[PDB]
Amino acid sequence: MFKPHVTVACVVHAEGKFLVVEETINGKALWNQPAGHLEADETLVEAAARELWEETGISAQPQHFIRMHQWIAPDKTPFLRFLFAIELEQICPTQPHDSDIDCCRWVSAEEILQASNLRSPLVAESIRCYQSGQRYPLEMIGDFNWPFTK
């Protein structure tokens, strides 16, 4: 049965900047949203909150649903990437709990769109969706008669 990879990602915004994670991937440092795979017996939204925590060490629940992109990666690996928005009042400290993460930067929209080191083109598209003002309720992609405790 064809299954596809399912990932979650978060636009995090505060004081006019966005949070970005810097991973080194074979020798170069790239930027992504905080993003991750969805794991088993997990809610998308739950998954987004864990990947945020793991990649940045921020405790925050995703606040809205921006959009989902379905795309294929350069090596033909298929994705359903669920994108979310969180707003905070101010830039908050960060501390990744994942080894693969080198660091977090808080950066302007135009730095992300001009940047030549993005992990994929969805990283800038993401900022383009955010900026369109598109958001939705979390309930758009929510769970149904979930067996486990939230």
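Start at 1 with the first residue shown and count on from there.
Comparing the deposited coordinates for 29-37 and 88-96, the stretch with the larger average C-alpha B-factor is 88-96. Look at the mean CA B-factor for 7-15 and for 137-145 in the entry; the higher one is 137-145. For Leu52, the recorded CA temperature factor ranks within the lowest third of the chain's modelled residues. The entry lists a Cα temperature factor for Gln114 that places it in the highest third of the chain's modelled residues. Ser108: CA B factor in the middle third of modelled residues in this chain (values from the PDB entry). Annotation for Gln61: CA B-factor lies in the middle third of the chain's modelled residues.
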